[PDB]
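As stored in coords38.cif (mmCIF, C-alpha atoms; chains and numbers go by the auth columns):
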data_my_file
loop_
_atom_site.group_PDB
_atom_site.id
_atom_site.type_symbol
_atom_site.label_atom_id
_atom_site.label_comp_id
_atom_site.label_asym_id
_atom_site.label_seq_id
_atom_site.Cartn_x
_atom_site.Cartn_y
_atom_site.Cartn_z
_atom_site.B_iso_or_equiv
_atom_site.auth_seq_id
_atom_site.auth_asym_id
ATOM 1 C CA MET A 1 115.483 98.206 123.068 0.00 1 A
ATOM 2 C CA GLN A 2 117.655 97.295 120.069 0.00 2 A
ATOM 3 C CA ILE A 3 117.152 98.165 116.404 0.00 3 A
ATOM 4 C CA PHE A 4 118.903 96.638 113.394 0.00 4 A
ATOM 5 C CA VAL A 5 120.463 99.046 110.881 0.00 5 A
ATOM 6 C CA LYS A 6 121.399 97.503 107.527 0.00 6 A
ATOM 7 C CA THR A 7 123.389 99.363 104.897 0.00 7 A
ATOM 8 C CA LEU A 8 122.648 98.888 101.212 0.00 8 A
ATOM 9 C CA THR A 9 126.218 97.578 100.842 0.00 9 A
ATOM 10 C CA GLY A 10 125.501 94.635 103.153 0.00 10 A
ATOM 11 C CA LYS A 11 126.616 95.691 106.648 0.00 11 A
ATOM 12 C CA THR A 12 124.225 95.123 109.557 0.00 12 A
ATOM 13 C CA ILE A 13 124.643 97.159 112.749 0.00 13 A
ATOM 14 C CA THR A 14 122.783 96.565 116.023 0.00 14 A
ATOM 15 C CA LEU A 15 122.157 99.658 118.141 0.00 15 A
ATOM 16 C CA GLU A 16 120.883 100.380 121.643 0.00 16 A
ATOM 17 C CA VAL A 17 118.029 102.899 121.667 0.00 17 A
ATOM 18 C CA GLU A 18 114.671 103.647 123.297 0.00 18 A
ATOM 19 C CA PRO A 19 111.313 104.966 122.032 0.00 19 A
ATOM 20 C CA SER A 20 112.080 108.482 123.285 0.00 20 A
ATOM 21 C CA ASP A 21 115.264 108.627 121.186 0.00 21 A
ATOM 22 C CA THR A 22 115.071 110.917 118.168 0.00 22 A
ATOM 23 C CA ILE A 23 116.343 110.013 114.718 0.00 23 A
ATOM 24 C CA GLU A 24 119.231 112.380 115.456 0.00 24 A
ATOM 25 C CA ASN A 25 119.978 110.201 118.499 0.00 25 A
ATOM 26 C CA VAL A 26 120.487 106.950 116.567 0.00 26 A
ATOM 27 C CA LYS A 27 122.553 108.835 113.974 0.00 27 A
ATOM 28 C CA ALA A 28 124.952 109.878 116.741 0.00 28 A
ATOM 29 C CA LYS A 29 125.125 106.263 117.926 0.00 29 A
ATOM 30 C CA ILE A 30 125.873 104.938 114.422 0.00 30 A
ATOM 31 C CA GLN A 31 128.737 107.454 114.356 0.00 31 A
ATOM 32 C CA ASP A 32 130.182 105.499 117.285 0.00 32 A
ATOM 33 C CA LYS A 33 129.889 102.044 115.764 0.00 33 A
ATOM 34 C CA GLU A 34 131.005 102.957 112.238 0.00 34 A
ATOM 35 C CA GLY A 35 132.282 106.550 112.181 0.00 35 A
ATOM 36 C CA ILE A 36 129.676 108.034 109.825 0.00 36 A
ATOM 37 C CA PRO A 37 129.038 111.668 110.807 0.00 37 A
ATOM 38 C CA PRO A 38 125.377 112.439 111.548 0.00 38 A
ATOM 39 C CA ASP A 39 125.123 115.088 108.812 0.00 39 A
ATOM 40 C CA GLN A 40 125.909 112.385 106.209 0.00 40 A
ATOM 41 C CA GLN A 41 123.395 109.751 107.369 0.00 41 A
ATOM 42 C CA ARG A 42 119.897 109.026 106.096 0.00 42 A
ATOM 43 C CA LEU A 43 117.778 106.383 107.828 0.00 43 A
ATOM 44 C CA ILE A 44 115.010 104.531 105.981 0.00 44 A
ATOM 45 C CA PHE A 45 112.027 102.646 107.385 0.00 45 A
ATOM 46 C CA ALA A 46 109.095 101.369 105.308 0.00 46 A
ATOM 47 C CA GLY A 47 110.571 102.870 102.153 0.00 47 A
ATOM 48 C CA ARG A 48 110.550 106.402 103.590 0.00 48 A
ATOM 49 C CA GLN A 49 113.321 108.619 104.929 0.00 49 A
ATOM 50 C CA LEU A 50 113.164 109.340 108.649 0.00 50 A
ATOM 51 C CA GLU A 51 113.249 112.911 109.948 0.00 51 A
ATOM 52 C CA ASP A 52 115.581 114.310 112.598 0.00 52 A
ATOM 53 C CA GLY A 53 113.416 115.179 115.591 0.00 53 A
ATOM 54 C CA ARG A 54 110.663 112.593 115.325 0.00 54 A
ATOM 55 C CA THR A 55 111.126 109.585 117.583 0.00 55 A
ATOM 56 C CA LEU A 56 111.178 105.855 116.878 0.00 56 A
ATOM 57 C CA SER A 57 107.802 105.353 118.563 0.00 57 A
ATOM 58 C CA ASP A 58 106.560 108.167 116.318 0.00 58 A
ATOM 59 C CA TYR A 59 107.389 106.049 113.245 0.00 59 A
ATOM 60 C CA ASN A 60 105.943 102.863 114.828 0.00 60 A
ATOM 61 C CA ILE A 61 109.408 101.275 114.891 0.00 61 A
ATOM 62 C CA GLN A 62 109.021 98.351 117.293 0.00 62 A
ATOM 63 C CA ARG A 63 111.673 96.096 118.811 0.00 63 A
ATOM 64 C CA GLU A 64 113.811 94.049 116.390 0.00 64 A
ATOM 65 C CA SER A 65 112.750 96.239 113.455 0.00 65 A
ATOM 66 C CA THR A 66 115.107 96.788 110.521 0.00 66 A
ATOM 67 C CA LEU A 67 116.292 100.233 109.425 0.00 67 A
ATOM 68 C CA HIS A 68 118.165 101.062 106.230 0.00 68 A
ATOM 69 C CA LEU A 69 121.120 103.451 106.093 0.00 69 A
ATOM 70 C CA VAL A 70 122.468 105.408 103.119 0.00 70 A
ATOM 71 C CA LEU A 71 125.223 107.994 102.810 0.00 71 A
ATOM 72 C CA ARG A 72 124.579 111.622 101.874 0.00 72 A
ATOM 73 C CA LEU A 73 127.891 112.857 100.445 0.00 73 A
ATOM 74 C CA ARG A 74 127.989 116.254 98.787 0.00 74 A
ATOM 75 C CA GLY A 75 130.570 115.969 96.058 0.00 75 A
ATOM 76 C CA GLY A 76 130.055 112.210 96.290 0.00 76 A
ATOM 77 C CA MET B 1 120.808 101.268 77.997 0.00 1 B
ATOM 78 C CA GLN B 2 118.703 99.372 80.547 0.00 2 B
ATOM 79 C CA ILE B 3 119.061 99.934 84.292 0.00 3 B
ATOM 80 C CA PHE B 4 117.025 98.587 87.198 0.00 4 B
ATOM 81 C CA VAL B 5 115.349 100.732 89.860 0.00 5 B
ATOM 82 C CA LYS B 6 114.367 98.926 93.063 0.00 6 B
ATOM 83 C CA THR B 7 112.426 100.178 96.041 0.00 7 B
ATOM 84 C CA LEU B 8 113.025 98.909 99.554 0.00 8 B
ATOM 85 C CA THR B 9 109.333 97.936 99.723 0.00 9 B
ATOM 86 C CA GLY B 10 109.512 95.367 96.923 0.00 10 B
ATOM 87 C CA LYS B 11 108.897 96.788 93.465 0.00 11 B
ATOM 88 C CA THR B 12 111.510 96.416 90.736 0.00 12 B
ATOM 89 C CA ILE B 13 111.322 98.784 87.763 0.00 13 B
ATOM 90 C CA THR B 14 113.211 98.647 84.466 0.00 14 B
ATOM 91 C CA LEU B 15 114.207 101.870 82.720 0.00 15 B
ATOM 92 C CA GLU B 16 115.629 102.854 79.332 0.00 16 B
ATOM 93 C CA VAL B 17 118.298 105.504 79.927 0.00 17 B
ATOM 94 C CA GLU B 18 121.502 106.873 78.411 0.00 18 B
ATOM 95 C CA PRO B 19 124.895 107.387 80.101 0.00 19 B
ATOM 96 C CA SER B 20 124.499 111.161 79.650 0.00 20 B
ATOM 97 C CA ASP B 21 121.082 111.192 81.349 0.00 21 B
ATOM 98 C CA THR B 22 121.083 113.368 84.449 0.00 22 B
ATOM 99 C CA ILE B 23 119.689 112.171 87.772 0.00 23 B
ATOM 100 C CA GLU B 24 116.725 114.542 87.459 0.00 24 B
ATOM 101 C CA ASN B 25 116.023 113.094 84.006 0.00 25 B
ATOM 102 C CA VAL B 26 115.878 109.607 85.531 0.00 26 B
ATOM 103 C CA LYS B 27 113.517 110.988 88.178 0.00 27 B
ATOM 104 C CA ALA B 28 111.224 112.395 85.484 0.00 28 B
ATOM 105 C CA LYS B 29 111.290 108.979 83.803 0.00 29 B
ATOM 106 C CA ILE B 30 110.373 107.415 87.155 0.00 30 B
ATOM 107 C CA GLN B 31 107.503 109.886 87.567 0.00 31 B
ATOM 108 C CA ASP B 32 106.293 108.897 84.092 0.00 32 B
ATOM 109 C CA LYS B 33 106.333 105.171 84.869 0.00 33 B
ATOM 110 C CA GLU B 34 105.369 105.295 88.562 0.00 34 B
ATOM 111 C CA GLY B 35 103.563 108.567 89.264 0.00 35 B
ATOM 112 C CA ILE B 36 105.931 109.490 92.113 0.00 36 B
ATOM 113 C CA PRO B 37 106.685 113.235 91.847 0.00 37 B
ATOM 114 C CA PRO B 38 110.447 113.838 91.575 0.00 38 B
ATOM 115 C CA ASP B 39 110.169 116.039 94.675 0.00 39 B
ATOM 116 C CA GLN B 40 109.857 112.920 96.848 0.00 40 B
ATOM 117 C CA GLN B 41 112.393 110.689 95.057 0.00 41 B
ATOM 118 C CA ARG B 42 115.851 109.787 96.349 0.00 42 B
ATOM 119 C CA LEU B 43 118.011 107.685 94.030 0.00 43 B
ATOM 120 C CA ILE B 44 120.737 105.515 95.556 0.00 44 B
ATOM 121 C CA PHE B 45 123.745 103.804 93.974 0.00 45 B
ATOM 122 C CA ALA B 46 126.651 102.029 95.693 0.00 46 B
ATOM 123 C CA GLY B 47 125.078 102.854 99.057 0.00 47 B
ATOM 124 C CA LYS B 48 124.959 106.648 98.685 0.00 48 B
ATOM 125 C CA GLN B 49 122.391 109.210 97.600 0.00 49 B
ATOM 126 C CA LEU B 50 122.729 110.463 94.028 0.00 50 B
ATOM 127 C CA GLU B 51 122.877 114.210 93.437 0.00 51 B
ATOM 128 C CA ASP B 52 120.821 116.186 90.961 0.00 52 B
ATOM 129 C CA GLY B 53 122.869 117.688 88.145 0.00 53 B
ATOM 130 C CA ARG B 54 125.144 114.657 87.828 0.00 54 B
ATOM 131 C CA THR B 55 124.810 112.047 85.097 0.00 55 B
ATOM 132 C CA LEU B 56 124.638 108.273 85.294 0.00 56 B
ATOM 133 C CA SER B 57 128.131 108.015 83.803 0.00 57 B
ATOM 134 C CA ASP B 58 129.370 110.364 86.540 0.00 58 B
ATOM 135 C CA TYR B 59 128.621 107.626 89.102 0.00 59 B
ATOM 136 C CA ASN B 60 129.792 104.858 86.713 0.00 60 B
ATOM 137 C CA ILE B 61 126.213 103.610 86.324 0.00 61 B
ATOM 138 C CA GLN B 62 126.191 101.278 83.326 0.00 62 B
ATOM 139 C CA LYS B 63 124.101 98.585 81.641 0.00 63 B
ATOM 140 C CA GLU B 64 121.885 96.622 84.064 0.00 64 B
ATOM 141 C CA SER B 65 122.962 98.723 87.040 0.00 65 B
ATOM 142 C CA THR B 66 120.632 98.685 90.049 0.00 66 B
ATOM 143 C CA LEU B 67 119.586 102.009 91.532 0.00 67 B
ATOM 144 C CA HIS B 68 117.486 102.181 94.691 0.00 68 B
ATOM 145 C CA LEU B 69 114.554 104.543 95.228 0.00 69 B
ATOM 146 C CA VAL B 70 113.308 105.781 98.605 0.00 70 B
ATOM 147 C CA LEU B 71 110.716 108.414 99.459 0.00 71 B
ATOM 148 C CA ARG B 72 111.742 111.605 101.241 0.00 72 B
ATOM 149 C CA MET C 1 104.102 77.007 49.648 0.00 1 C
ATOM 150 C CA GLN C 2 106.252 80.079 48.990 0.00 2 C
ATOM 151 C CA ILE C 3 106.325 83.326 50.956 0.00 3 C
ATOM 152 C CA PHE C 4 108.504 86.388 50.405 0.00 4 C
ATOM 153 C CA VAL C 5 110.315 88.032 53.320 0.00 5 C
ATOM 154 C CA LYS C 6 111.410 91.521 52.247 0.00 6 C
ATOM 155 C CA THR C 7 113.711 93.871 54.140 0.00 7 C
ATOM 156 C CA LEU C 8 113.368 97.647 54.288 0.00 8 C
ATOM 157 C CA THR C 9 116.389 97.817 51.941 0.00 9 C
ATOM 158 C CA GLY C 10 114.723 95.775 49.189 0.00 10 C
ATOM 159 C CA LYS C 11 116.360 92.409 49.906 0.00 11 C
ATOM 160 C CA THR C 12 113.706 89.749 49.247 0.00 12 C
ATOM 161 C CA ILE C 13 114.115 86.323 50.872 0.00 13 C
ATOM 162 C CA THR C 14 112.089 83.595 49.158 0.00 14 C
ATOM 163 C CA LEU C 15 111.131 80.866 51.638 0.00 15 C
ATOM 164 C CA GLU C 16 109.501 77.478 51.072 0.00 16 C
ATOM 165 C CA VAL C 17 107.161 77.049 54.042 0.00 17 C
ATOM 166 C CA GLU C 18 103.944 75.343 55.158 0.00 18 C
ATOM 167 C CA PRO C 19 100.756 76.867 56.606 0.00 19 C
ATOM 168 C CA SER C 20 101.350 74.905 59.830 0.00 20 C
ATOM 169 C CA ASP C 21 104.892 76.293 60.176 0.00 21 C
ATOM 170 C CA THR C 22 105.312 78.413 63.291 0.00 22 C
ATOM 171 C CA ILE C 23 106.878 81.865 63.214 0.00 23 C
ATOM 172 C CA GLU C 24 109.938 80.487 65.018 0.00 24 C
ATOM 173 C CA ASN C 25 110.318 77.964 62.193 0.00 25 C
ATOM 174 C CA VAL C 26 110.191 80.810 59.663 0.00 26 C
ATOM 175 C CA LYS C 27 112.859 82.678 61.635 0.00 27 C
ATOM 176 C CA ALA C 28 115.002 79.534 61.709 0.00 28 C
ATOM 177 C CA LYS C 29 114.514 79.241 57.942 0.00 29 C
ATOM 178 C CA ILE C 30 115.643 82.860 57.539 0.00 30 C
ATOM 179 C CA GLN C 31 118.694 82.117 59.694 0.00 31 C
ATOM 180 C CA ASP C 32 119.604 79.175 57.455 0.00 32 C
ATOM 181 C CA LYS C 33 119.205 81.061 54.174 0.00 33 C
ATOM 182 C CA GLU C 34 120.802 84.327 55.298 0.00 34 C
ATOM 183 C CA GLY C 35 122.453 83.968 58.718 0.00 35 C
ATOM 184 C CA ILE C 36 120.326 86.535 60.574 0.00 36 C
ATOM 185 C CA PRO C 37 119.833 85.121 64.091 0.00 37 C
ATOM 186 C CA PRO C 38 116.203 84.680 65.189 0.00 38 C
ATOM 187 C CA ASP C 39 116.381 86.996 68.214 0.00 39 C
ATOM 188 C CA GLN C 40 117.425 89.739 65.761 0.00 40 C
ATOM 189 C CA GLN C 41 114.336 89.186 63.573 0.00 41 C
ATOM 190 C CA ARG C 42 111.087 91.119 63.840 0.00 42 C
ATOM 191 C CA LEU C 43 108.582 89.699 61.345 0.00 43 C
ATOM 192 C CA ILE C 44 105.716 91.858 60.065 0.00 44 C
ATOM 193 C CA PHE C 45 102.642 90.801 58.095 0.00 45 C
ATOM 194 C CA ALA C 46 99.834 93.181 57.093 0.00 46 C
ATOM 195 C CA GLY C 47 101.434 95.835 59.298 0.00 47 C
ATOM 196 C CA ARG C 48 101.468 93.845 62.552 0.00 48 C
ATOM 197 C CA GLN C 49 104.295 91.985 64.267 0.00 49 C
ATOM 198 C CA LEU C 50 104.139 88.187 64.256 0.00 50 C
ATOM 199 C CA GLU C 51 104.296 86.229 67.514 0.00 51 C
ATOM 200 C CA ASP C 52 106.638 83.268 67.873 0.00 52 C
ATOM 201 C CA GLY C 53 103.996 80.844 69.156 0.00 53 C
ATOM 202 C CA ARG C 54 101.659 81.355 66.189 0.00 54 C
ATOM 203 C CA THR C 55 101.684 79.587 62.832 0.00 55 C
ATOM 204 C CA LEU C 56 101.531 81.137 59.376 0.00 56 C
ATOM 205 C CA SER C 57 97.949 79.973 58.806 0.00 57 C
ATOM 206 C CA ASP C 58 97.075 81.687 62.100 0.00 58 C
ATOM 207 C CA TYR C 59 97.710 85.041 60.375 0.00 59 C
ATOM 208 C CA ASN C 60 95.957 83.981 57.132 0.00 60 C
ATOM 209 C CA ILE C 61 99.393 83.903 55.491 0.00 61 C
ATOM 210 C CA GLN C 62 98.657 82.063 52.248 0.00 62 C
ATOM 211 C CA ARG C 63 101.006 81.238 49.395 0.00 63 C
ATOM 212 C CA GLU C 64 102.701 84.084 47.515 0.00 64 C
ATOM 213 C CA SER C 65 102.350 86.165 50.686 0.00 65 C
ATOM 214 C CA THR C 66 104.866 88.931 51.351 0.00 66 C
ATOM 215 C CA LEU C 67 106.280 89.379 54.853 0.00 67 C
ATOM 216 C CA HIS C 68 108.535 92.193 56.042 0.00 68 C
ATOM 217 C CA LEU C 69 111.699 91.788 58.118 0.00 69 C
ATOM 218 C CA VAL C 70 112.859 94.428 60.604 0.00 70 C
ATOM 219 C CA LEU C 71 116.114 93.847 62.473 0.00 71 C
ATOM 220 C CA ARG C 72 116.201 93.732 66.287 0.00 72 C
ATOM 221 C CA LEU C 73 119.514 95.553 66.719 0.00 73 C
ATOM 222 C CA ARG C 74 119.467 95.482 70.544 0.00 74 C
ATOM 223 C CA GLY C 75 122.238 93.150 71.696 0.00 75 C
ATOM 224 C CA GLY C 76 123.138 92.739 75.356 0.00 76 C
#
When written as structure tokens, how does the structure in this file appear?
Amino acid sequence: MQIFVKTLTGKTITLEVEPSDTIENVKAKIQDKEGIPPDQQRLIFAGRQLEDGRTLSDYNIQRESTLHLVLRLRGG
Amino acid sequence: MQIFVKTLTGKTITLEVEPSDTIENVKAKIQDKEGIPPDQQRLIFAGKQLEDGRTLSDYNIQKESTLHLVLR
Amino acid sequence: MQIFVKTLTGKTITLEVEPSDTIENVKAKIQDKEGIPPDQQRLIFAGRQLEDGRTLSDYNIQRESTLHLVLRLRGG
């Protein structure tokens, strides 16, 4: 299935994932589409930050759901 | 000065701050107005997480700037 | 009738008003006599702030009444 990742700066990114994929999995896929390293990504759904390890089905993220993406830059 | 704090769930909050206010000071002001403990607050400006120990002027946050708040 | 709008620095503004005059009208009268814009005016009577939509008679402001003027120094 496909999820929609929208940055708070206005960029929308469509990704290819599956319910068994962890949050660390989608972070590695965003690194492909946009080049953001996984250690500097934070994914938001329902106003809460998503944890590396728990899956998309674990957070009740269904098909065509919207995720939010922020940067975590130390020194930034 | 007056800044705006928006959640991604809908609520918009107005805050009275100073340029020399630190990020943790803004979080304590958010806890006062909202009840959210600063432990679970993440402030966002220009698309990136804001660090504790920095000030609002350090990120060039000025009058009527919009910060975003997400729960950790 | 006459009312007296005094500042916290002793400046007394004598205004010729009517009991049916609204607080906005009083502020516009102050702006004419002195030049203080209305949005910069906080008007106090009997220790409480006066609302724009009310009239003078609404606050039992009779003749020879003394009002107090505090400046709203917050610009934009």
For this session: Excluding residue C:25 and residues on its chain fewer than 3 positions from it, collect all residues at most 10 Å away from it, counting only C-alpha atoms, and give them as an MDAnalysis selection string.
Result: chainID C and resid 17:18 20:22 28:31 38 52:53 55:56
For this session: Write down, as an NGL selection string, each residue of chain A that has any atom within 10 Å of an atom of chain B, counting all atoms listed in the file.
Result: :A and (7-10 or 40-42 or 44-51 or 68-76)
Could you do a least-squares fit of chain C on chain A over every C-alpha atom, in sequence order, and give the output as a PDB file with C-alpha atoms, in the coordinates of the input?
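Dumped to selection07.pdb:
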ATOM      1  CA  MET C   1     115.454  98.020 122.890  1.00  0.00           C
ATOM      2  CA  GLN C   2     117.421  96.795 119.869  1.00  0.00           C
ATOM      3  CA  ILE C   3     117.061  97.909 116.258  1.00  0.00           C
ATOM      4  CA  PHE C   4     119.048  96.792 113.219  1.00  0.00           C
ATOM      5  CA  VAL C   5     120.443  99.345 110.766  1.00  0.00           C
ATOM      6  CA  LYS C   6     121.371  97.539 107.542  1.00  0.00           C
ATOM      7  CA  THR C   7     123.297  98.968 104.601  1.00  0.00           C
ATOM      8  CA  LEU C   8     122.659  98.164 100.948  1.00  0.00           C
ATOM      9  CA  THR C   9     125.870  96.079 101.049  1.00  0.00           C
ATOM     10  CA  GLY C  10     124.633  93.792 103.834  1.00  0.00           C
ATOM     11  CA  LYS C  11     126.442  95.429 106.762  1.00  0.00           C
ATOM     12  CA  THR C  12     124.070  95.242 109.744  1.00  0.00           C
ATOM     13  CA  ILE C  13     124.577  97.680 112.633  1.00  0.00           C
ATOM     14  CA  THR C  14     122.935  96.537 115.871  1.00  0.00           C
ATOM     15  CA  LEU C  15     121.951  99.529 118.014  1.00  0.00           C
ATOM     16  CA  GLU C  16     120.641  99.686 121.580  1.00  0.00           C
ATOM     17  CA  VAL C  17     118.066 102.487 121.517  1.00  0.00           C
ATOM     18  CA  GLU C  18     114.894 103.742 123.211  1.00  0.00           C
ATOM     19  CA  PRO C  19     111.477 104.531 121.700  1.00  0.00           C
ATOM     20  CA  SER C  20     111.905 108.171 122.777  1.00  0.00           C
ATOM     21  CA  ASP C  21     115.283 108.433 121.014  1.00  0.00           C
ATOM     22  CA  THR C  22     115.243 110.959 118.187  1.00  0.00           C
ATOM     23  CA  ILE C  23     116.546 110.159 114.717  1.00  0.00           C
ATOM     24  CA  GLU C  24     119.513 112.469 115.330  1.00  0.00           C
ATOM     25  CA  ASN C  25     120.350 110.381 118.401  1.00  0.00           C
ATOM     26  CA  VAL C  26     120.253 107.231 116.260  1.00  0.00           C
ATOM     27  CA  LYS C  27     122.572 108.882 113.732  1.00  0.00           C
ATOM     28  CA  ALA C  28     124.928 109.881 116.549  1.00  0.00           C
ATOM     29  CA  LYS C  29     124.827 106.274 117.770  1.00  0.00           C
ATOM     30  CA  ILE C  30     125.715 105.086 114.258  1.00  0.00           C
ATOM     31  CA  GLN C  31     128.592 107.579 114.174  1.00  0.00           C
ATOM     32  CA  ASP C  32     129.930 106.200 117.461  1.00  0.00           C
ATOM     33  CA  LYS C  33     129.707 102.538 116.452  1.00  0.00           C
ATOM     34  CA  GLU C  34     130.940 102.947 112.875  1.00  0.00           C
ATOM     35  CA  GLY C  35     132.278 106.465 112.255  1.00  0.00           C
ATOM     36  CA  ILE C  36     129.797 107.474 109.538  1.00  0.00           C
ATOM     37  CA  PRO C  37     129.076 111.183 110.120  1.00  0.00           C
ATOM     38  CA  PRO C  38     125.401 112.080 110.635  1.00  0.00           C
ATOM     39  CA  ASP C  39     125.114 114.453 107.663  1.00  0.00           C
ATOM     40  CA  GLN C  40     126.180 111.490 105.491  1.00  0.00           C
ATOM     41  CA  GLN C  41     123.365 109.278 106.839  1.00  0.00           C
ATOM     42  CA  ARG C  42     119.970 108.822 105.218  1.00  0.00           C
ATOM     43  CA  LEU C  43     117.829 106.568 107.422  1.00  0.00           C
ATOM     44  CA  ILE C  44     114.945 104.589 105.912  1.00  0.00           C
ATOM     45  CA  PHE C  45     112.162 102.712 107.695  1.00  0.00           C
ATOM     46  CA  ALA C  46     109.292 100.952 105.900  1.00  0.00           C
ATOM     47  CA  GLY C  47     110.470 102.556 102.659  1.00  0.00           C
ATOM     48  CA  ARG C  48     110.341 106.191 103.810  1.00  0.00           C
ATOM     49  CA  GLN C  49     113.122 108.514 104.931  1.00  0.00           C
ATOM     50  CA  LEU C  50     113.253 109.419 108.621  1.00  0.00           C
ATOM     51  CA  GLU C  51     113.244 113.058 109.728  1.00  0.00           C
ATOM     52  CA  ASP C  52     115.756 114.303 112.282  1.00  0.00           C
ATOM     53  CA  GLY C  53     113.192 115.938 114.575  1.00  0.00           C
ATOM     54  CA  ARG C  54     111.119 112.769 115.007  1.00  0.00           C
ATOM     55  CA  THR C  55     111.598 109.957 117.508  1.00  0.00           C
ATOM     56  CA  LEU C  56     111.661 106.225 116.842  1.00  0.00           C
ATOM     57  CA  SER C  57     108.247 105.690 118.446  1.00  0.00           C
ATOM     58  CA  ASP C  58     106.935 108.391 116.093  1.00  0.00           C
ATOM     59  CA  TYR C  59     107.480 105.953 113.197  1.00  0.00           C
ATOM     60  CA  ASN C  60     106.130 102.944 115.157  1.00  0.00           C
ATOM     61  CA  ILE C  61     109.703 101.634 115.292  1.00  0.00           C
ATOM     62  CA  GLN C  62     109.421  98.892 117.908  1.00  0.00           C
ATOM     63  CA  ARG C  63     112.088  96.511 119.156  1.00  0.00           C
ATOM     64  CA  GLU C  64     113.737  94.126 116.686  1.00  0.00           C
ATOM     65  CA  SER C  65     112.929  96.658 113.958  1.00  0.00           C
ATOM     66  CA  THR C  66     115.155  96.814 110.885  1.00  0.00           C
ATOM     67  CA  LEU C  67     116.190 100.197 109.488  1.00  0.00           C
ATOM     68  CA  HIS C  68     118.103 100.829 106.270  1.00  0.00           C
ATOM     69  CA  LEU C  69     121.075 103.172 105.867  1.00  0.00           C
ATOM     70  CA  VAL C  70     121.790 105.018 102.615  1.00  0.00           C
ATOM     71  CA  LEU C  71     124.886 107.211 102.422  1.00  0.00           C
ATOM     72  CA  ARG C  72     124.615 110.933 101.623  1.00  0.00           C
ATOM     73  CA  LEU C  73     127.726 111.154  99.442  1.00  0.00           C
ATOM     74  CA  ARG C  74     127.318 114.866  98.611  1.00  0.00           C
ATOM     75  CA  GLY C  75     130.133 116.757 100.327  1.00  0.00           C
ATOM     76  CA  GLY C  76     130.706 120.463  99.772  1.00  0.00           C
TER      77      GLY C  76
END
Could you give me the centre and size, in Å to one decimal, of an axis-aligned box around all listed atoms of stretch 22-41 of chain C with 6 Å added on every side, as AutoDock Vina command-line options?
--center_x 113.9 --center_y 83.9 --center_z 61.2 --size_x 29.1 --size_y 23.8 --size_z 26.0
For this session: Run the PyMOL selection byres ((chain B and resi 25) around 12) against the file shown and list the residues it catches, as number ranges by chain.
Result: B: 15-24, 26-32, 38, 41, 43, 51-56
Problem set entry | Selection under test: the PyMOL selection byres ((chain A and resi 15) around 12); residues as a PyMOL selection string | chain A and resi 1-6+12-14+16-18+21+25-34+63-67
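Straight-line separation from atom CA of residue B:3 to atom CA of residue B:36: 18.0 Å.
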Exercise. In Å, how far is it from atom CA of residue C:24 to atom CA of residue B:64?
Worked result: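 Separation between atom CA of residue C:24 and atom CA of residue B:64: 27.7 Å.
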Exercise. Interatomic distance between atom CA of residue A:39 and atom CA of residue B:39?
Worked result: 20.6 Å
Problem set entry | From B:65, B:13, B:34, B:60, residue lying nearest residue B:1 [all atoms listed in the file] |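 Looking only at the distances to residue B:1, the closest residue turns out to be B:65.
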